[PDB]
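Let me begin by presenting the structure, written as structure tokens, before commenting on it.
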Amino acid sequence: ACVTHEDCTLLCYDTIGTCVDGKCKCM
């Protein structure tokens, strides 16, 4: 569901590096 870091800027630094399991979540 993610496209890039910008698409998940709300996340501290995403889960892995841009997206995982089609779901964007901060570690």
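Please note that chains go A, B, ... in the order of the structure tokens, that every chain numbers its residues from 1, and that ligands are numbered from 1 in the order shown.
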
Could you give me, as a PyMOL selection string, the residues within 8 Å of stretch 17-25 of chain A, counting only C-alpha atoms and dropping anything in the same chain fewer than 6 positions from it? chain A and resi 1-5+8+11
